[PDB]
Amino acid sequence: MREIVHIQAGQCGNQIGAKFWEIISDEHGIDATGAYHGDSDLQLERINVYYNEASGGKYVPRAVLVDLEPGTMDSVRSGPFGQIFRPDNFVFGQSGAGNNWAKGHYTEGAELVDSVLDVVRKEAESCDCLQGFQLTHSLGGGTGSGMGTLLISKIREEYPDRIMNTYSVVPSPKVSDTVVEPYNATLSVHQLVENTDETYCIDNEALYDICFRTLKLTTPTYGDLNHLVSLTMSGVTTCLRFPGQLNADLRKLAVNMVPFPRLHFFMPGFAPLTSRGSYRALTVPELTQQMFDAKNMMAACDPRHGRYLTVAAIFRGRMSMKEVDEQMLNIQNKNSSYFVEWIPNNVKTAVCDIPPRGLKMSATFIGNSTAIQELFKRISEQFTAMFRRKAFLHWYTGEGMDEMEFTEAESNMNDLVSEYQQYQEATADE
């Protein structure tokens, strides 16, 4: 369990993925040319999880950059850490998906998918001990959503024994790119329920609301949204990148987090909430409190509306491990009604000395909460409002799809909601 192969698909996937590579490069002391210039051995101890060592002591991200359109590729190459990527790992088409899940999944995406698998196969065969795959994408468009899910099932077929992990950006009418987002998101959730082991639900509704309500940004941009995502992704991957005991690899994390196979959708949490221009304090009790704060969730769900099946809490910076242990016990004891009683010791804590880029102290929460059903209900209501009138359906059926695929994706997503509700209501005294 050493190497992770990272794939970024479509505009959103490549934008949050480039930001992920830029934050973890800074944390590991890697410059834009791939050269190591840090001053800690903890920075290089597990560098091979995400980077390959090339000729001359340079480190190259084990990342494949995918799109059905070339503009995104050019903008990543032109971005701050654009030159760090392996040039032959940029795989792109020329047509685009036209914001249509069916074109990404069945037509144009299917034409590009084998070029992507040849590049991820070269990265995989080079691995001494491949953990699995990490995919960043949005669920609202055509490429990230349709082609991204097509890639997942093709990768599931060739690497059935590897962990499949996604960072899936859920659409919101508050910051929307296309009118058919609820269709593209529902068809993708159907795929994710069946083919991923761990999915981090990154909700644009929640990110927009943090920027508007908490950060007081009257008009948030993708830059403001992606700053919260980059800090969150740095936080959730902390245990994969630095030496430690807990959730040190993708399979140990899955075994600790996923009690039922379909219930693998995580609600990430982060404290402190910052803007790109930033307060100057945050104590251990203050950090632990944000675990139940809807305002600190990256999925637009209230954790107090459901119950946590499992939680991974990651604390970063110079703080007392004794204080963190005392505060985490107190937060569980005082909030016993928001944890399922039939999964004992379901909250695991980790403390890392290296804080994220730009902060002195931070907290990241990976929650498997039954409150995530609110995110799926929101997508489902938006889907039904369109599907009831068969609006925009001819663009999907024109690609060879049947109406039955829509009804099936909708049913599977409602069953998922019904499953979360079942465990939320379950008591220890059966």
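In this text, residue numbers run from 1 along the sequence as written.
Asker: From residue 333 to residue 334, how many deposited residues does the entry skip: none, 1 to 3, 4 to 9, or 10 or more?
Answerer: Count of unmodelled residues in between: none.
Asker: Averaging the C-alpha B factors as listed in the entry, name the stretch that ends up higher: 72-80 or 266-274.
Answerer: So the stretch with the higher mean C-alpha B-factor is 72-80.
Asker: Higher mean Cα B-factor in the deposited model: 57-65 or 32-40?
Answerer: It is 32-40 that shows the higher mean C-alpha B-factor.
Asker: Which has the highest CA B-factor per the PDB entry: 193, 312, 201, 127?
Answerer: The record points to 127.
Asker: Go through 280, 348, 252, 307 one by one and give the residue whose Cα B-factor in the PDB entry is largest.
Answerer: Of the candidates given, the C-alpha B-factor peaks at 280.
Asker: Can you work out whether the C-alpha temperature factor of residue 364 puts it in the lowest, middle or highest third of the chain?
Answerer: For residue 364, the deposited C-alpha B-factor lands in the middle third.
Asker: Quick check for you: using the entry's CA B-factors within this chain, is residue 181 in the lowest, middle or highest third?
Answerer: Lowest third - that is where residue 181 ends up once the chain's C-alpha B-factors are sorted.
Asker: Thinking about Cα B factors across the chain, which third does residue 156 belong to?
Answerer: Middle third of the chain for residue 156's C-alpha B-factor.
Asker: Compare the C-alpha B factor of residue 27 with those of the other modelled residues in its chain, then answer lowest, middle or highest third.
Answerer: Top third by C-alpha B-factor.
Asker: Using the B-factor values recorded in the entry, state whether the Cα atom of residue 8 falls in the lowest, middle or highest third among the modelled residues of its chain.
Answerer: Lowest third, going by the recorded CA B-factors of the chain.
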